[PDB]
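Novice: Pasting a structure below so you can have a look.
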């Protein structure tokens, strides 16, 4: 939203862990990711790209 990003280097695919775990708990959402991705309509990256519009995680310290 607020024009201003830094995007630092990141090797760990923490995201994968989230999007992955989420799928399990959300067996219904998966169907969508497929009907779209498995349908060769869009790219997996795109799916989540929007999926995570607000869903954010809290900080530690």
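Neighbour counts are summed over all protein chains in view; Cβ atoms, including those assigned to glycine, are modelled from backbone coordinates with ideal geometry. Just so it is clear, none of the values below were taken in a lab; they were calculated from the coordinates.
Novice: What number of residues within segment 37-61 are farther than 14 Å from residue 20 by Cα and touching a helix residue (DSSP H, G or I) at 6+ places or on another chain (Cβ under 6 Å)?
Specialist: 2
Novice: Something else now. Consider residue 31 carefully, then state whether it is surrounded by fewer than 11 Cβ atoms within 10 Å (Cβ to Cβ), farther than 28 Å from residue 1 by Cβ and without any contact (Cβ under 8 Å) to a residue 12 or more places away in the chain.
Specialist: It is false that residue 31 is surrounded by fewer than 11 Cβ atoms within 10 Å (Cβ to Cβ), farther than 28 Å from residue 1 by Cβ and without any contact (Cβ under 8 Å) to a residue 12 or more places away in the chain.
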